[PDB]
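In: Just dropping in an experimental structure and the matching sequence.
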Amino acid sequence: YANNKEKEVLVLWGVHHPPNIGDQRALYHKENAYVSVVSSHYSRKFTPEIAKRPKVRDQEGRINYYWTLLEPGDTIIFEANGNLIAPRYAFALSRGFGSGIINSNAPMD
Amino acid sequence: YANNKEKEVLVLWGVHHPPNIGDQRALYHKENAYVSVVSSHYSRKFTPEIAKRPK
């Protein structure tokens, strides 16, 4: 994808980590898959990790979520042969000053 | 290189990323190369990333 929006684009994706080798073989067919995400200022290679973890929300495998900000006139390349939760909707944003998150349950008016 | 100058030494290097597999095989005569830099407090292993990028 090429950034032509003249604004920073927030791109989110994920890598799937099956609990056992059977799930990985039954989903991606290979047993040693690779995910690569590259950009002019972001480069990272992911390798799926097959491990058994405690059941959270009735799931043993995990999906690790990642994000990056694309400058205007920049590109991002997604290359994988398995264990990729591909992005579908990206967000174009422009930062305005500094703020924070208020943790409260008060009425809003 | 062993630092015998009694002062800290700044070392600069680089890893080349060819655009296509053809260029990787012309300059390096291989297609899966590796760079390793190891010191007593710095160690990283670099693998070339072959992708096409804006000119």
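Out: Perfect, thanks for sending it. Numbering: from 1, shown residues only, chains lettered A, B, ... in the order given.
In: hey, let's count contacts and neighbours off CA atoms from now on
Out: Fine.
In: Residues of chain A that sit close to chain B?
Out: A:40, A:74, A:75, A:77 (CA under 8 Å from any CA of the partner chain).
In: Quick check on those residues: which are buried?
Out: Among the residues of chain A next to chain B, those buried by neighbour count (16 or more other CA atoms under 10 Å in any protein chain shown) are A:74, A:75.
In: now the residues of chain A next to chain B as a markdown table including secondary structure?
Out: Shown next, in a markdown table, are the residues of chain A next to chain B (DSSP: H, G, I helix; E, B strand; the rest coil):
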| residue | secondary structure |
| --- | --- |
| A:40 | coil |
| A:74 | coil |
| A:75 | strand |
| A:77 | strand |
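In: mind listing what the closest residue to residue A:5 other than its chain neighbours touches?
Out: For residue A:5, ignoring the flanking residues on the chain, the nearest one in space by CA to CA, 6 or more residues apart in numbering or on different chains is residue A:72 at 6.8 Å. By CA atoms under 8 Å, 6 or more residues apart in numbering or on different chains, residue A:72 lies in contact with A:3, A:4, A:5, A:6, A:7, A:8.
In: burial measure for the second one, as a count.
Out: So the one you mean is residue A:4. 13 (other CA atoms under 10 Å in any protein chain shown).
In: what about the residue lying closest to residue A:7 once chain neighbours are set aside, distance to residue A:92?
Out: Spatial nearest neighbour of residue A:7, excluding adjacent residues (CA to CA, 6+ apart): residue A:72 at 5.5 Å. Here residue A:72 is placed at a distance of 10 Å from residue A:92 (CA to CA, to the nearest Å).
In: Can you work out which residues contact both of these two?
Out: With CA under 8 Å, 6+ apart as the test, residue A:72 and residue A:92 both reach A:5, A:7, A:8.
In: Can I get those residues in JSON lines including secondary structure, neighbour count and distance to residue A:86?
Out: Below are the shared contacts of residue A:72 and residue A:92 laid out as JSON lines (DSSP: H, G, I helix; E, B strand; the rest coil; neighbours: other CA atoms under 10 Å in any protein chain shown; distance: CA to CA, whole Å):
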{"residue": "A:5", "secondary structure": "coil", "neighbour count": "12", "distance to residue A:86": "21"}
{"residue": "A:7", "secondary structure": "coil", "neighbour count": "17", "distance to residue A:86": "22"}
{"residue": "A:8", "secondary structure": "strand", "neighbour count": "20", "distance to residue A:86": "19"}
